[PDB]
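Quick heads-up: it's one chain on its own, the form deposited in one PDB entry, in structure tokens.
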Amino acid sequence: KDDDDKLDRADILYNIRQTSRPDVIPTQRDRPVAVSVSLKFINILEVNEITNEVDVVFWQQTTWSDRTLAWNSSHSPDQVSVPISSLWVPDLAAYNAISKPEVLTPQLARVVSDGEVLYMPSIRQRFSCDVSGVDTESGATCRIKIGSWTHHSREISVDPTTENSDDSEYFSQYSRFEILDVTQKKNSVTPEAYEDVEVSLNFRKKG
């Protein structure tokens, strides 16, 4: 489009930085922020069948909308890159995580003109999950829950992205492991409930 007008872009960043409240949930019309999450698996590095611990690399594709960040893009760029400190991101956490997320990519989000925000960092992290079955035909099934840490369902709703296929599409052919199946469903932990996305990852050692 006009995507390459430096001044247009600098002005958009300015508008965003002035409207954006990095610490307040972008609720609209008094309804929960609808965040969407999807893990896209990239690698499985170490698996310990005795301790039941896995070390994985995945794209943590996250999206939501903040309509106040929107702008007329008839003759201005349709989207820009924004550093995540200038923005609100949802406070996601892996319930069965046993190491800090190690973010391997630049910490930038895209804000689209309609007001949609997308953050997709590439993350390496260790989890605690059922590893039993990893050396058989039918493999192991390790389950990861990603939800809001401090915000309950009425404040934030965490759903899976429309597309869960291609989940294993960018998975490294040089892993000692192979993905048999991935499912990504809604779930709610528990007076207040926290929504999360349960990722079931069915994988096996390459025989």
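What we label the rigid core is the largest C-alpha set whose atoms superpose within 1.5 Å from one form to the other. Counting begins at 1, following the sequence as shown.
- Looking at the other PDB entries for this protein, residue 148 is present in the model in all of those that include the residues around it, rather than absent from a third.
- Compared against other deposited entries of this protein, residue 46 counts as consistently modelled, with coordinates in all of those that resolve the residues around it and thus below the third mark.
- Gap between residue 190 and residue 191: 4 to 9 deposited residues without coordinates.
- Stretches 36-44 and 176-184 differ in mean C-alpha B factor, with the higher average recorded for 176-184.
- When the mean C-alpha temperature factors of 54-62 and 153-161 are read from the deposited coordinates, 153-161 comes out higher.
- Among 137, 91, 102, 114, the highest C-alpha B-factor in the deposited entry belongs to 137.
- Across 129, 123, 84, 120, the entry's maximum B-factor at the CA atom is seen for 129.
- Placement of the Cα temperature factor of residue 106 within the chain: lowest third of the modelled residues, per the deposited record.
- Among the modelled residues of its chain, residue 68 has a C-alpha B-factor that falls in the middle third according to the deposited record.
- Sort the modelled residues of the chain by CA B factor and residue 27 lands in the middle third.
- Ranked within its chain, residue 148 lands in the lowest third, by CA B factor from the PDB record.
This protein has a second form, the form deposited in another entry, left out of what is shown; the following refers to that one.
- Rigid-core fit between the shown form and the other one: of 48, 165, 138, 172, the one residue whose Cα shifts 2 angstroms or more is 165.
- Pairwise change in the other form: residue 38 and residue 168 C-alpha atoms lie farther apart than in the shown form, at least 3 Å.
- Panel note: the distance between the CA atoms of residue 84 and residue 164 is larger in the other form than in this form, the difference being 3 Å or more.
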